[PDB]
Amino acid sequence: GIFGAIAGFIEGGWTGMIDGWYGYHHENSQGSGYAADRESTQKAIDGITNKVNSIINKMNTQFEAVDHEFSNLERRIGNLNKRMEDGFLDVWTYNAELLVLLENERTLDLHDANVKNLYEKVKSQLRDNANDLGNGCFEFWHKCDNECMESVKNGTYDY
Amino acid sequence: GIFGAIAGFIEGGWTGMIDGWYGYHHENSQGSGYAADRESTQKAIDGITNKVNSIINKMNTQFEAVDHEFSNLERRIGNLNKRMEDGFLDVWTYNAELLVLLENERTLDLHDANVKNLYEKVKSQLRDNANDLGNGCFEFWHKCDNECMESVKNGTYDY
Amino acid sequence: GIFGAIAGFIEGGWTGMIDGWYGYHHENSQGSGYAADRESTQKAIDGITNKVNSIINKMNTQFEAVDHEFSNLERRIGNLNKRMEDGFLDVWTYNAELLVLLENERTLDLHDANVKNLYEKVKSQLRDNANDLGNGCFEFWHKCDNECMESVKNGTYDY
Amino acid sequence: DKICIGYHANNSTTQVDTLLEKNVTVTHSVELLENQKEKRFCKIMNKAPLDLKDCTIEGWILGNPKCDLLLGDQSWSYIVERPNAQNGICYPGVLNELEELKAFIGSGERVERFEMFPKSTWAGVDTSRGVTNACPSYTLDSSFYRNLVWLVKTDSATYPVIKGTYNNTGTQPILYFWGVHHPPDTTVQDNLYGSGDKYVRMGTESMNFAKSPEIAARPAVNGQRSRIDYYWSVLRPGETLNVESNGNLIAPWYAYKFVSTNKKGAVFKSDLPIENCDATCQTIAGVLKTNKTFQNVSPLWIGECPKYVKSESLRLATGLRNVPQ
Amino acid sequence: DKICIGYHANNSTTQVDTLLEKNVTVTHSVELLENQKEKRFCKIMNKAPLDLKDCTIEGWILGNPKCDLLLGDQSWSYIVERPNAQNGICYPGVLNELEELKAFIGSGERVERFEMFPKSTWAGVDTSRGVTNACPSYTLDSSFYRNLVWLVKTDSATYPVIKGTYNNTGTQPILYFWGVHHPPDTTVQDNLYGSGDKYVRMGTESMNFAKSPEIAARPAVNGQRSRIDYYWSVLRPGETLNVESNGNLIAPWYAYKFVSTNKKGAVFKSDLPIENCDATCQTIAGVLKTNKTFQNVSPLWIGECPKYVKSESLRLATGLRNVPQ
Amino acid sequence: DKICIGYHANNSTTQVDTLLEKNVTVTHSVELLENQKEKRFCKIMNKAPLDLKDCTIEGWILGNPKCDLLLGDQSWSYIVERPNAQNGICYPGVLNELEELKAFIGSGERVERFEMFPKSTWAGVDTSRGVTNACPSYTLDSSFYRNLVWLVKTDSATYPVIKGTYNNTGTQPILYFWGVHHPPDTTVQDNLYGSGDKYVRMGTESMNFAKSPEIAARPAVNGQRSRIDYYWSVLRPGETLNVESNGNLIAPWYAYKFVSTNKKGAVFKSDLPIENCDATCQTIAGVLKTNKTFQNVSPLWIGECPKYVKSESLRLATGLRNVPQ
Ligand SMILES: *[C@@H]1O[C@H](CO)[C@@H](O)[C@H](O)[C@H]1NC(C)=O
Ligand SMILES: *[C@@H]1O[C@H](CO)[C@@H](O)[C@H](O)[C@H]1NC(C)=O
Ligand SMILES: *[C@@H]1O[C@H](CO)[C@@H](O)[C@H](O)[C@H]1NC(C)=O
Ligand SMILES: *[C@@H]1O[C@H](CO)[C@@H](O)[C@H](O)[C@H]1NC(C)=O
Ligand SMILES: *[C@@H]1O[C@H](CO)[C@@H](O)[C@H](O)[C@H]1NC(C)=O
Ligand SMILES: *[C@@H]1O[C@H](CO)[C@@H](O)[C@H](O)[C@H]1NC(C)=O
Ligand SMILES: *[C@@H]1O[C@H](CO)[C@@H](O)[C@H](O)[C@H]1NC(C)=O
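Here every chain is numbered from 1 following its written sequence, which may not line up with the entry's numbers; residues without coordinates are dropped from view. All chains are assigned letters beginning with A, and all ligands numbers beginning with 1, in the order in which they are written. Water and hydrogen atoms were dropped before computing side-chain values, which therefore reflect all heavy atoms in the structure. Residues with missing side-chain atoms are left out of burial classes, side-chain pairs and their counts.

- In the annotation of the PDB entry, chain D is listed under the name HA1 and assigned to unidentified influenza virus.

- Under the annotation held in the PDB entry, chain A carries the name HA2 and is attributed to unidentified influenza virus.

What follows is the structure, encoded as structure tokens:
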């Protein structure tokens with residue numbers, strides 16, 4: 001990633017986290033678990049749903065070729081029709097393939113950025129109440145129950 | 001934002017700053033006040049002016065439809081002309097609408113990035129004098145008079 | 001840059017490093033010199049080779065103008081052929097010029113991000129052994145021979 | 001005790017490509033292009049197409065004797081002409097403005113056949129001997145088109161000026177046909193139409209037509225050295241057609257009331273079967289059933305279809321890069 | 001003591017759209033598309049257009065008697081034809097290659113009317129009694145086109161071969177017209193032109209023309225069952241035209257020296273008014289006054305206009321996302 | 001001790017442009033557009049083009065006497081017709097369907113000239129004295145087209161009916177030409193062909209032709225007030241041609257067996273020289289020797305060329321922004 005997060009300092013992903021795109025793995029000795037940050041994930045979901053929907057509807061026109069036939073003395077206009085139809089076919093092909101390539105990239109960079117921002121949103125609610133291993137994992141000096149674990153992710157952590 | 005700054009850790013914007021796009025709000029014992037970063041604001045202005053001008057001039061050609069008429073026995077070439085004209089109308093409509101959407105995105109991300117970089121260039125001139133609220137504001141070490149303040153904006157006050 | 005690295009807090013690039021796009025400049029006991037981080041640099045090479053190859057291959061079609069002549073009573077279809085050929089010429093010119101401009105930015109933004117990400121993967125294991133001047137440079141408190149110095153680039157610095 | 005931040009992964013092996021890197025696996029993605037086809041012809045807006053079988057459009061609309069299967073009224077959402085239709089223009093000659101005619105009929109939706117000029121219209125001529133072995137039915141080896149009548153002078157006297165009128169008082173345009181016979185020599189001309197220069201002339205409010213025989217020695221085609229120049233036109237509502245000729249007329253007999261469609265219209269030359277299906281999108285290559293945006297099946301279609309494109313896939317990444325361990 | 005880092009906001013109400021989000025308020029933005037029109041026709045290059053009023057292009061250029069307001073020289077930046085101008089071809093018939101003629105005139109800038117063949121050119125025929133109630137002026141109920149003359153045999157002899165020459169020694173191409181008269185029966189033909197086979201033949205260096213009458217009864221149009229085949233051509237500078245006929249000629253009388261204007265030429269079918277204004281950009285729907293890059297008013301225009309596009313808005317963000325508090 | 005993170009730089013002065021900023025110097029970049037041309041015509045697929053020299057396509061294919069260097073068999077990768085080629089149609093008249101003929105020959109790759117109708121075919125007529133100062137092989141001499149023969153009645157008797165047949169039993173279609181001579185008056189007509197109604201008649205399986213002279217006085221062109229209507233056609237493999245005439249026939253003499261290419265053929269109007277070089281990409285403006293994706297030389301080309309575009313440069317950044325110290 002260009003934001004360095006996905007396949008970066010957080011070099012892997014969690015098979016365990018199944019109901020979101022971004023999230024957490026706390027472990028206290030009430031226990032363990034995966035839980036996803038549902039409001040950044042829902043923001044990414046909405047943004048990307050909008051992107052796809054935008055692309056689909058900007059692509060809701062069709063150039064229409066025709067069955068029209070041409071005599072032996074209509075070679076020129078026959079060829080004109082062929083070059084026209086092929087012409088538009090080529091530009092729409094180009095437009096579609098190019099767009100996909102570009103947007104795919106940007107979609108990945110978007111996700112990469114989002115992960116990075118979440119990591120950043122936690123590091124400065126928690127900064128010496130915590131240490132940082134640098135792999136994107138967080139180190140508390142205190143005692144962290146799960147209304148403490150819920151402290152952090154709720155965004156109400158009390159410093 | 002993807003850089004996390006605008007509508008992020010800096011959760012709002014200053015109407016009070018009427019002097020540019022990015023800037024500062026100091027607070028000292030002479031007073032308080034808003035002042036904008038004239039060199040990051042002017043590079044952004046220059047860059048975006050260039051984007052618009054670039055876009056304008058790349059769109060400075062026109063496909064030209066014609067008044068031409070076609071007899072009852074020229075249904076095919078008439079329809080060819082209609083399909084051609086509608087075709088180019090379609091591709092240019094797509095091109096304009098798509099470009100606008102893509103560039104609006106990128107423009108917003110650009111502003112976001114600009115803010116983030118200013119925050120870190122101030123952040124990395126002073127980091128343990130004063131320490132960051134997470135705000136995008138810093139409460140200082142010291143008493144900072146006011147060319148103690150633009151000191152910083154100077155990019156040159158030495159710690 | 002949008003990630004702030006190139007022509008930013010790292011205010012210039014090294015003529016001396018003739019070895020790649022991104023890298024290092026050491027200085028210790030044995031001496032100093034340039035060496036480039038090549039697995040980040042030509043991951044960039046492969047990626048950009050990729051962009052160019054993709055662009056070439058999406059631009060790998062030709063609209064075909066024709067030699068055809070038209071009588072005095074074929075003024076309409078003659079002009080039709082003219083408007084069609086010019087029409088397609090315009091969109092391909094637009095698409096090409098626009099693409100270049102867009103991709104050039106994004107290319108610079110990519111390099112910018114690459115430099116920044118290298119800076120942070122160094123700082124994140126050099127925690128407190130080093131001082132980050134903000135220069136994109138690190139000052140050790142303890143000292144570093146050259147099996148130390150590659151242990152840093154190597155990804156192998158344990159402390 | 002302590003907490004970490006990360007991202008999703010799964011068993012998905014589906015990959016996408018970007019400008020910087022190809023073949024990148026992602027968690028979730030969507031396919032925008034359909035490449036799947038039902039190789040058949042089905043109904044459009046619940047209305048069946050018209051199969052011309054072993055007849056071409058010419059043979060159908062001229063009423064080739066071997067095309068009686070298609071004779072009479074017809075309604076269609078589109079037309080299917082088979083690549084190997086044997087029964088078209090049986091009597092050698094050229095159908096003038098053939099391609100415009102096809103384009104016009106394609107723009108059609110229904111035709112009602114009717115008698116426009118009874119043989120009684122043509123006075124002092126023989127209307128019963130206009131047959132040739134070039135146009136057999138499956139009942140007589142020598143026949144002629146069902147919509148045309150080949151007039152010959154009486155077996156006695158010469159060829160009088162003959163006249164015909166049809167005033168289109170109806171609300172529908174009428175598609176009709178006629179022809180000019182071109183003998184190979186002067187003596188055939190005289191055996192069939194008698195001496196003197198001959199003409200075929202037709203006039204409406206917005207159309208006038210006049211042609212003479214162009215008698216020349218030709219090679220045999222279907223055993224015939226003569227030719228017929230076939231013509232078509234459209235008598236619009238309100239208009240009236242006057243016909244005048246003193247020889248060589250292939251007179252209009254039956255014609256078609258025509259219902260043009262504002263629409264689309266299609267004529268597919270294809271071998272695919274017509275089944276009892278329904279469809280919202282029908283291409284020359286088959287039927288599409290999809291919600292997708294793009295397709296690479298065919299640029300020729302009727303109904304509402306995805307934008308045709310030459311790509312084999314257009315898969316859009318929605319999810320993240322997949323990095324499982 | 002403290003310092004804060006932040007960004008601009010304001011009273012702005014303007015929203016834009018992105019790929020990721022719709023309806024985003026931003027501080028500063030620009031609209032690239034113009035949707036505003038002055039619904040009128042103005043001067044182009046400070047040169048006024050040509051209003052044809054109640055005349056069609058046919059009626060104007062043939063010199064329909066009811067188009068005498070338009071008679072003579074004309075200069076125009078473009079042409080405005082009104083949706084149902086009544087006065088075109090008054091004597092029923094077809095103007096050949098009509099659509100090419102319109103396109104050719106559209107490519108024009110100016111015409112100079114002049115007499116090409118005085119009635120004296122045609123010897124031994126009557127040039128004064130070629131008028132019809134199908135073509136009234138506003139003074140006589142029976143007249144004829146101002147640029148054509150309908151020749152008839154004299155109160156006297158039969159219709160002799162008549163000849164005419166015009167040498168275009170000028171530097172400008174000449175747009176001109178002629179015709180062939182087609183009577184409805186033989187007795188009319190002989191009353192007007194006498195008996196015998198008739199021809200109309202015309203020749204230049206690069207054009208030859210030869211046609212005969214096509215005598216047939218047609219439906220009545222404006223009281224005439226007769227027809228006229230109308231023809232036009234362009235006598236190039238240097239070229240010379242020979243006219244020869246022994247009957248049924250609708251002779252060229254007046255013609256136009258033609259100034260092609262190199263540029264885009266336009267003919268707008270519209271009812272909008274022509275006022276005493278100026279413009280650099282004139283569409284069929286009205287005048288555009290903008291510096292903007294796109295417009296959704298009309299694809300048809302003369303002058304320098306923004307790219308036509310179907311978008312309703314194309315607003316581009318320049319400032320940042322607006323978050324006032 | 002200490003360690004640094006930084007990036008590459010070099011002596012590079014080459015800049016690119018972006019959306020946000022123009023004139024940005026970078027370390028490494030690539031040019032995608034070719035703007036360099038060799039202003040000449042070279043071989044394509046090691047096969048030489050056909051120079052028509054001072055001949056137009058008409059003069060060549062009709063066999064204008066001044067074009068004898070082009071006579072006979074020809075093979076070409078493309079055709080080069082010169083802008084001020086003087087030798088085309090020498091005997092004044094019009095070649096019917098000229099533009100389709102050109103397009104057709106353009107779709108060709110090789111022709112074999114052969115004698116289709118020896119002069120012996122036409123019995124009881126004069127085949128050797130149909131020559132004119134309008135078609136010199138030089139300037140003062142009297143000749144005629146090499147592929148056509150101007151038949152005249154023999155010096156006394158009348159012009160008998162003459163007949164000619166060619167059965168194309170070969171596997172290649174035949175391009176051939178003929179004409180109808182149009183004298184300026186009746187006295188010339190009778191001196192050349194005698195009195196009586198005259199006809200020129202031609203028939204194949206798929207083509208009919210019959211026309212009479214249209215005698216009228218025209219302006220002199222190359223000293224002729226007469227005209228010839230030129231016609232061309234293609235006798236397909238298997239087809240057979242009957243030729244029959246009693247006067248005014250410009251008979252086919254030599255014709256061409258024609259080899260279609262399968263397409264992408266070209267006809268370049270150009271002044272450029274043909275030299276003994278080869279090429280994979282040949283434009284009307286010259287040869288391209290390149291590996292690049294784009295070019296701004298010409299949209300008109302033969303072979304495999306880069307996409308034509310009007311851009312002056314298309315330079316793509318690969319390296320990073322250049323910040324030397
Ligand atoms: C680090 O570089 C050293 C050079 O001394 C090499 O021996 C070692 O294998 C490298 N280790 C890794 C993990 O790359
Ligand atoms: C991507 O994967 C396919 C098979 O899954 C493989 O054939 C192809 O070569 C890969 N792409 C590249 C650029 O190697
Ligand atoms: C955007 O805002 C406008 C208000 O002018 C509203 O009419 C429209 O429905 C909104 N659309 C979306 C998708 O929010
Ligand atoms: C056709 O019939 C209508 C009345 O049915 C009549 O008004 C009209 O004049 C007729 N047209 C001709 C050409 O007879
Ligand atoms: C870019 O640099 C060129 C130097 O070759 C200069 O002529 C041009 O004006 C510059 N462009 C702009 C927009 O200033
Ligand atoms: C042409 O020749 C073949 C035999 O070579 C023959 O079968 C065919 O009938 C001939 N056609 C004509 C029109 O003579
Ligand atoms: C036309 O006039 C010029 C002189 O102006 C003369 O040389 C030429 O011969 C004339 N052409 C004809 C056909 O009379």
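**A look at the nonpolar core**
Okay, so step 1: Put simply, buried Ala, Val, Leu, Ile, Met, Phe, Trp, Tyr and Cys residues joined by side-chain atoms within 4.5 Å make one nonpolar core. Think of it in three bands: with a 1.4 Å probe and only protein chains considered, a residue is buried below 20% of the maximum accessible area for its type, exposed above 50%, and partly exposed in between. With 91 residues, the main nonpolar core has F138(B), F140(B), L126(C), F138(C), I5(E), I3(F) and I5(F) as its most contacted residues.
Okay, so step 2: The residues contacting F138(C), other than those within four sequence positions of it, are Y119(C), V122(C), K123(C), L126(C), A130(C), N131(C), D132(C), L133(C), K2(F), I3(F) and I5(F). When checking whether two residues touch, look at their non-hydrogen atoms; a contact exists if any pair is within 4.5 Å.

**A closer look at the site of ligand 4**
Residues and elements named next belong to chain D.
Okay, so step 1: If even one non-hydrogen atom of a residue comes within 4 Å of a molecule or strand, that residue is called near it. Neighbouring ligand 4 are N167, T169 and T240.
Okay, so step 2: For ligand 4, an oxygen atom lies 2.3 Å from a polar atom in the side chain of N167.
Okay, so step 3: Alone, ligand 4 offers 370 Å² of accessible surface; in the complex the protein occludes 32% of this. Two N or O atoms count as a polar contact when they lie within 3.5 Å, although within protein this holds only if one can serve as hydrogen donor and the other as acceptor, and sequence-adjacent residues are included solely when both atoms are side-chain atoms. Accessible surface area values rest on a Shrake-Rupley calculation with a 1.4 Å probe, where residue burial reflects the displayed protein chains alone.

**Remarks on the interface of chain F and chain A**
Okay, so step 1: On the side of chain A, six residues touch chain F, which itself brings nine residues to the contact.
Okay, so step 2: A quick way to say it: buried area is the sum, across both parts, of accessible area lost when two parts are put together, with a 1.4 Å probe. Between chain F and chain A, a total of about 610 Å² is buried, with carbon and sulfur atoms accounting for 51% of that surface.
Okay, so step 3: By definition here, a salt bridge exists when the distance from a side-chain nitrogen of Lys or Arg to a carboxyl oxygen of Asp or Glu is within 4 Å. Remark: the boundary between chain F and chain A carries one salt bridge.
Okay, so step 4: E100(F) is the partner of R76(A) in a salt bridge, and the nearest nitrogen-oxygen pair spans 2.7 Å.
Okay, so step 5: Among the elements that line the side of chain F that touches chain A, the one with the most residues is helix α2 (residues 98-106) of chain F, at four residues.
Okay, so step 6: Classes in brief: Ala, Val, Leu, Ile, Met, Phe, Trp, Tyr, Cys and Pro nonpolar; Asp, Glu, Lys and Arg charged; the others, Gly included, polar. Its residues assigned to classes, the side of chain F that touches chain A comprises three nonpolar, one polar and five charged. Helix and strand labels come from DSSP, where a helix needs a run of H or I of at least four residues and a strand needs a run of E of at least two; each type is numbered from the N terminus.

**So, the packing of helix α2 (residues 75-123) of chain A against helix α2 (residues 75-123) of chain B**
Okay, so step 1: Lines fitted to the C-alpha atoms define the axes, with helices restricted to the stretch that makes contact. Angles between their N-to-C directions range from 0 to 180 degrees. Put simply, α2(A) and α2(B) touch, their axes get as near as 11 Å, and they point 15 degrees apart. As judged from the angle between their axes, α2(A) and α2(B) are roughly parallel. Judged by the sense of rotation from one axis to the other, the crossing of α2(A) with α2(B) is left-handed.
Okay, so step 2: Broken down by class, the residue content of the contact of α2(A) with α2(B) amounts to 16 nonpolar, four polar and six charged. When an angle is under 35 degrees it counts as roughly parallel; over 145 it counts as roughly antiparallel; between 65 and 115 it counts as roughly perpendicular; any other value is oblique. In this scheme the crossing of two helices becomes right-handed for a clockwise turn of the near helix relative to the far one and left-handed for an anticlockwise turn of less than a right angle.

**Some details on the sheet that holds strand β4 (residues 137-139) of chain B**
Okay, so step 1: Strand pairing follows a simple DSSP-based rule, namely that at least 2 bridges must link the two strands. Strand order in the open sheet formed by five strands is β2(B)-β1(B)-β1(E)-β4(B)-β3(B), with antiparallel pairing between adjacent strands. The sheet is open, and its two edges are formed by β2 (32-36) and β3 (131-132) of chain B, each paired on a single side.
Okay, so step 2: Strand direction decides the pairing type here: strand β1 (residues 22-27) of chain B and β2(B), joined by five bridges, are antiparallel. Across the sheet, the residue bridging to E27(B) is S32(B), located in β2(B).
Okay, so step 3: Running at roughly 40 degrees to β1(B), α2(B) makes contact with β1, β3 and β4 of chain B together with β1 (2-7) of chain E of the sheet.

**A closer look at the site of ligand 3**
All names here are of chain E.
Okay, so step 1: Residues in contact with ligand 3, as listed here, are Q15, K22 and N23.
Okay, so step 2: Here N23 contributes a side-chain N or O atom positioned 2.3 Å from an oxygen atom of ligand 3.
Okay, so step 3: Burial of ligand 3 by the surrounding chains reaches 25%, relative to a free accessible area of 370 Å².

**Focus on the state of the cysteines**
Here is the idea: a disulfide is a covalent bond, and it sits between the sulfur atoms of two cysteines.
Okay, so step 1: Pairs of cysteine sulfur atoms within 2.5 Å are identified as disulfides in what follows. Taken as a whole and assessed by the stated rule, the structure comprises 18 disulfides over all chains.
Okay, so step 2: Each sulfur in the disulfide pair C137(A) and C4(D) lies 2.0 Å from the other. Between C137(A) and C4(D), the disulfide has an S-S torsion of -95 degrees and is therefore left-handed. Here the residue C137(A) occupies a position in strand β4 (residues 137-140), and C4(D) occupies one in strand β1 (residues 2-7), the pair thus bridging two chains.
Okay, so step 3: Accessibility expressed as a relative area gives 7% for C4(D), which makes it buried.
Okay, so step 4: For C281(D), the disulfide goes to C305(D), at an S-S distance of 2.0 Å. Because the sign of the S-S torsion sets the handedness, a value of about 110 degrees for the bond joining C281(D) and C305(D) places this disulfide among the right-handed ones. Here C281(D), found in strand β25 (residues 281-283), pairs with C305(D), found in the loop between β27 (301-303) and β28 (307-308); they are 24 residues apart in sequence, far enough to count as distant.

**Re the sheet that holds strand β26 (residues 294-295) of chain F**
Okay, so step 1: One open sheet holds the three strands; their spatial order is β5-β26-β28 (chain F), and the pairing between them is parallel. Each of the sheet's edge strands pairs with one partner strand only, and the pair in question is β5 (33-34) and β28 (307-308) of chain F.

**Here we look at the domain arrangement of chain D**
All names here are of chain D.
Okay, so step 1: The domain architecture assigned to chain D consists of domain 1 (1-41 + 276-325) and domain 2 (42-275).
Okay, so step 2: The gap between the C-alpha centroids of domain 1 and domain 2 is 50 Å.
Okay, so step 3: Counting residues at the interface gives 18 residues for domain 1 and 17 residues for domain 2.
Okay, so step 4: Carbon and sulfur atoms supply 68% of the area that domain 1 and domain 2 bury against each other, a total of about 1400 Å² over both sides.
Okay, so step 5: If you look at where domain 1 meets domain 2, you find eight residue pairs in polar contact.
Okay, so step 6: Every element with two or more residues in the side of domain 1 that touches domain 2 is listed here: β24 (274-279), β25 and β27.
Okay, so step 7: For the side of domain 1 that touches domain 2, the element with the most residues is β24, which contributes four residues.
Okay, so step 8: Looking at side-chain class alone, the side of domain 1 that touches domain 2 contains 10 nonpolar, five polar and three charged residues. The split of the chain into domains comes from an automatic or database domain assignment.

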